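Below you'll find the structure, written out as C-alpha cells, and then a few comments.
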C-alpha cells in the first residue's frame, strides 16, 4: 500500500458503467508529485493522508473481484504528517 | 453550479451519510437538509451537472444500507426558476 | 477530533441510553440530540476515530434492547466541511 | 439523588399517568416531559437509584394500559456529564 | 379545580367533539389542547372530582365514533404537585 | 353564525378540496386549516346551522376520494365557550 | 370538605396502605387511624364527596389483597355534628 | 430514609424474627412495633428504597414459619405526607 | 449471653409454665413476658446459645399440654441492636 | 456507603470489565480485586445500597460476554463488622 | 470459645456471604479466610459450641446457591492443641 | 494514551505471542502480564484508542491458535479512575 | 417446632454431634425496565428485588389509582418507515448507449421525468 | 485411597464453559468492522 494525500475530487461523466457510482479522488504522495486517481472506498476528505491498495486488491476493495480499479483508498491514517 | 441533487432518506443518519458522501465525491455545495416530517430527511446539494450526478450517485450508494435507507436520489440539471423559491439557499 | 458518530433510535429513551453508553465508553463529546420526526431521534458524538468507533459500538449495544430500539449506528471518520454546517455543535 | 428514570409512551395521556404514578410511588422529581415526535412522549424523573427504580416500575405498570401504552422504561444510575446537556433540568 | 381529565384522540375533530362534550357536561375548565405528534391530540380539563368524572364520560362517549376515535380517556383526581408543572394552565 | 363544521382529511389536498367545496355550497366562513400532525389536516368552517350542515356535506362528498381521503366530517351547532379558545378565529 | 370516607381493615398494614392510597388518590385529608380491637383498624379521611369517593375506591382496592384485607369501605357525605365528637380530628 | 416496609405477623415471636432479619439484612431503622389487637403485631422499618426492599424480603422469608406466621409484607417507597402522622417514629 | 429465646403461648398459665421451665432448665435469664393481645403471651429469655437452646426445648415441652398451648418456640442467637429496642430488658 | 457488591469471574479480563462497568454505572468505589485461585477473580465494590445494586447489575451484564464469564453477582447490603477484616479496604 | 466452624466454598463470593451470615447469626469470631487453591476458599469462625453450630448452619444456608456454592460446612467443637498451629488466628 | 487493551489466554505461550503481536501492531505499552491462576494469563497494554484497537485485534488473531489459546480480547477506551488502581502501571 | 438458627442447613453440616449462565439468555428475555433496572441477571444477596409475599408500590398499587377507558381507535401510521413498503410504480430503465456511466446494478438515481440516471 | 469429588477448575477445564451468545455489530461506517476474526469486545461486551 502507499501513503498519499487526497488533493481533490475527480469527475468523469463518461466513465464506464462498471465503475459504478463509486467516487474518484485525485491523490498524490506529496504536493508537487505525480498525481494518481483513486477510487475512494472510505469517504476521504481533501488533505487526508490515506492508504491506497495495489491492483488486484483494489478491485476487491472497490467492491468486486471484477471491478475496474487499480488504486483504491482503504483507510485514512489517523495521524500522519508527510 | 445551478444543478440540483437531492437524496431522501428515512432518518437523519442515512442523510448525513449521504451528504458526506456527496460532498466528498464531487464539488457540490450542500445547501440544505430538510426534515420533511414523518422521518423523512432530504439533503440537497447544488453544483455543475456532472458534479451533481456524481455526488448523488455516491451518496445514494452510501446511504442505501445505512439505517432505514434511501427513499430517493434525484438529479435535476436545469431547475426552473419557479422551483428555486422553494429550494434552500444555504444550509441551516 | 473530527470523527462523527451517530445513533438513531426509535424514541428518546433509547437515544439517551445510547448517548450515555457512548460518552462513558470513550472520549467523545455529545454534540447533539435531534428529533427527526416520526420518532426517530439521533444522538451525535464527535471525537477521534478510535474513540468514536468504541463509542458507537457501545452505544449500539446499550440501546438495542431499550424501547423500540436502534435504527442506525454510523461512524464517519473525517467529515467534510460542508457537512459540518448541518451538524450540531453543542447539545441544545 | 442523581439517577434518571424515563418512561416513554405513545401519547400524552399515558405519560401523564406515568409521571403521576412515578412521583407518587417514590422519591423522585419530574424533570421533564418531551414530545419526541410521532406520538412518543417521554417523561423523565430524577432521584436515588432505588427510588428511581421503584418509580419507574410503578409508572410502567400504571401507564401500560392507558391509551396506546408504554414503549420504554429505563433507569440510568449515574449520567455522564455530557448526557446531562441533552437532559431537561426542570419541567416546562 | 384539582382534578384532571384527559382525553386523547386521533385527529383534532374527535378532540373538539370531546372538549365540547366535556365542557358542556360538567363544570370543568379546558386547560389545554395538545398536538402530541403522530395525530394524537389530548384535550385536558380541570375541575372538581365529580365534575371531571362526568366530563370524561361525556367526552369519551362523544368522540368515540367521530373521526378516528378515542385512544384514551383518563381521570386523575389529585395530580402530584410535581406533575402540575408538565400540565397546561390555559388552552393555547 | 356560531355553528362549527369540521372536516379532517389525510393530507392537505383533500382538505383544500373540502374547504372549497364547503364554502361554495353554503354561507359558511373558513376560519381555519390546521395541521394536526401525522398527516391530518382539519379544515374548519363557522356559520349558521343549516348552512354549516350543507357545507360539511358538500365538503365531505367532494373530498372523499381526493387523495388519501376523509377522516371526519363533523358538525357542532353551538360550541361551548371554553372550546372557542381552541378553535381558530380567522384563517391563518 | 366535610364528607367522610372510612376504611376498615383487618390489621394495620392494610390500613396504612389504604391511607396512603386514599391520600394519594384524591384530595382528602387523613384524619385518623383507630384501633378497634380484635384486629380491626379504621382509617378515616375527610374531603369533598367526589374526592372522598375517588379516594375510598382507591383505598379499598389497595388494601383488599394486602394482608387480611378490607372489612369495610364507607362514605358519609355530610356528617352530623354529634358524630363529629367521636371522630378523630387530626391523624394520630 | 423515606421508604416504609411493614411486616405483620400473628404473634410477637414471628415479629421479632422478622425484625431481626430485616435489620440485619439491610440498613433500615425499626421505627415501630405495634400490637394491633387480635394478635396481629406489626413491625415497621424505614430506610432507603433498596434497603427496605431487601429487608422486607428477608423478614418475610424468616417469619413465614415462625409461630403463626406472616400476614403481610408491604413496602411503600414514599408515603404521602399525611400518612406520616399515623406512622410510628421510634420503637417502644 | 446475647441470644434470645422466645415462647409464645395462648394464655398466661402456659407462659408462666414455660418461663419457669426455661429458667430452671438452663442458664437463661428471663427478660420479659408480654401480652401480645388476642391471648398470645410471649415470654422471653436471654442467655448463651447452648443454654437458650436447652431452655427453649424445655419450655416448649412443658407448656405444650398446659392450657391452650404453644404457638411458637424460637431461638435467635445474635440479636441486632435495633431489635433490642423492642425487647423487654427486665421482667415485670 | 457500606453495601458491598461483588462480581466473581473466570479470568481477569472479564473482571476488569466488570469493575469498569460497575464504577461507571454507579457511585460505588472499588475496594478490591482478588485472585482466588483456579482462575476466579473477584472484584468488590462498596457504595450505598441502590448504587451497589445498579452497579452490580451493570457489571454483570458487561462481563457475562467477556471471556469465560461471570460466576457470581452478589450484594450484601449491611455487612457485619467482622467480615470487614476479610474484605479489602483499598484495591491493590 | 474454642469451637471451630469452617465453611469451604468454591470462590470468594460464596465465602464472603457465608462469613457474613455466620457472623450475623451468632457470637462467633471470623478468625480466618484462606485461599486453598483451585478456587476453594475456607472461612473459619471460632466461638462456643452452640454459637458455632448456629453460625455454620446459617452460613451454609447462605452460600449454597451463591456462586459455585458450598463445598463443605463443618464444626469441630474442641480442636487439638496441635491443630491450633495450623489454624489462622486473625483474619489477615 | 489511556485506553486499555487486554488479552487473556490459556497458558503463557499464547500470551507472550499476543503481547508481541500487540506491541508490534501499534504504538502501545505493555504495562502488565498477570498470572491469574489456573493457567489464565493476562497481558495488558495501554495507548490511544486506535492504537489499542489495532493492537488488540492483531494480538488476538495471533494467539488464537497458539497453545490452548485466547480466552478474551478486550478494549476499553476510557477507564474509570477507580479501575486504574487495579491495573498494572509497568510490567514487572 | 423449635424454629431458629438450628433448623437451617439440614444435610449440609458435618462434625456435628449427630454426624459423628447467571444472566438469562438475552434473546429469550426482554426486561420490563431496562438499564440499571434490568432483571436478566441473577444477583443474589440483599438486592432490591421484591418477591411474591411482598405487596405494594407497583402492580395494582399504581395501576388502580386513576380511572381510565381505552378505545379501539383507528390506527394508521404515516411515516417514512411505514411507507417503506408503499406500493411503487415500475422502476425506470435506461436504453441509452454511449458512455454514460450507466450503472444499472446500483441504487436508483432518477433524473427529470423520473428517468433512471 | 479415598474417593474424592474433582471439579477441576482451570483455564483448560473452562475451555468449554457454557457461554452467553457472542456479540455482533450492527454498526456501519468504515470501522475495520471485521466479522471473521477472533472476538474482540469493547466496553459492555460489544463486538469490536
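A few points about this structure:
- Positions within segment K:15-29 being more than 7 Å from every other protein chain (Cβ to nearest Cβ) and within 17 Å of residue K:41 (Cα to Cα), in sequence order: K:15, K:18, K:21, K:22
- Residue that is surrounded by the fewest Cβ atoms within 10 Å (Cβ to Cβ) [pool: residues in segment A:16-60 that are within 11 Å of chain B (Cβ to nearest Cβ) and farther than 19 Å from residue A:75 by Cβ]: A:19
Table: residues versus (1) over 30 Å from residue E:73 (Cα atoms); (2) surrounded by fewer than 17 Cβ atoms within 10 Å (Cβ to Cβ).
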position	(1), (2)
M:41	yes, no
M:54	yes, no
M:58	no, no
M:73	no, no
M:84	yes, yes
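- Every test in (1) assigned to a strand (DSSP E or B); (2) more than 10 Å from chain G (Cβ to nearest Cβ); (3) farther than 19 Å from residue K:25 by Cβ is passed by residue H:1 save one, and that test is (1).
- Among the candidates D:36, D:83, D:52, D:56, the residue that is crowded, with 24+ Cβ neighbours inside 10 Å and within 9 Å of chain E (Cβ to nearest Cβ) is uniquely D:36.
- Single condition residue H:11 does not satisfy, out of (1) within 14 Å of chain G (Cβ to nearest Cβ); (2) closer than 30 Å to residue D:56 by Cβ: (2)
- When segment K:59-68 is filtered for residues that are assigned to a loop (DSSP other than H, G, I, E, B) and surrounded by 15 or more Cβ atoms within 10 Å (Cβ to Cβ), the ones remaining, listed by number, are K:64, K:66, K:67, K:68.
- Residue under evaluation residue M:49, criteria (1) part of a loop (DSSP other than H, G, I, E, B); (2) within 14 Å of chain E (Cβ to nearest Cβ), criterion not met: (2)
- Matching residues, segment L:1-25, being more than 12 Å from the chain's Cα centre (by Cα) and surrounded by fewer than 24 Cβ atoms within 10 Å (Cβ to Cβ): L:1, L:2, L:11, L:12, L:13, L:24, L:25
- Which listed residue, of I:83, I:79, is in contact with a helix residue (DSSP H, G or I) (Cβ under 7 Å, 6 or more places away or on another chain) and assigned to a loop (DSSP other than H, G, I, E, B): I:79
- So residue J:71, is it within 27 Å of residue K:92 (Cβ to Cβ) and more than 7 Å from every other protein chain (Cβ to nearest Cβ): no
- The one condition from (1) more than 7 Å from every other protein chain (Cβ to nearest Cβ); (2) under 22 Å from residue D:77 (Cα atoms) that residue M:23 does not meet is (1).
- If you check M:69, M:7, M:30 for being assigned to a loop (DSSP other than H, G, I, E, B) and either farther than 29 Å from residue C:35 by Cβ or within 14 Å of chain E (Cβ to nearest Cβ) (or both), only one passes: M:7.
- Given (1) in contact with a helix residue (DSSP H, G or I) (Cβ under 6 Å, 6 or more places away or on another chain); (2) closer than 15 Å to residue B:67 by Cβ; (3) away from chain L (no Cβ under 14 Å); (4) assigned to a helix (DSSP H, G or I), index of the condition residue C:42 fails: (4)
The numbers here are math on the coordinates, done by the rules we state, and not lab data. Don't worry about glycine lacking a Cβ; one is built from the backbone with ideal geometry, like all the others, and counts go over all protein chains shown.
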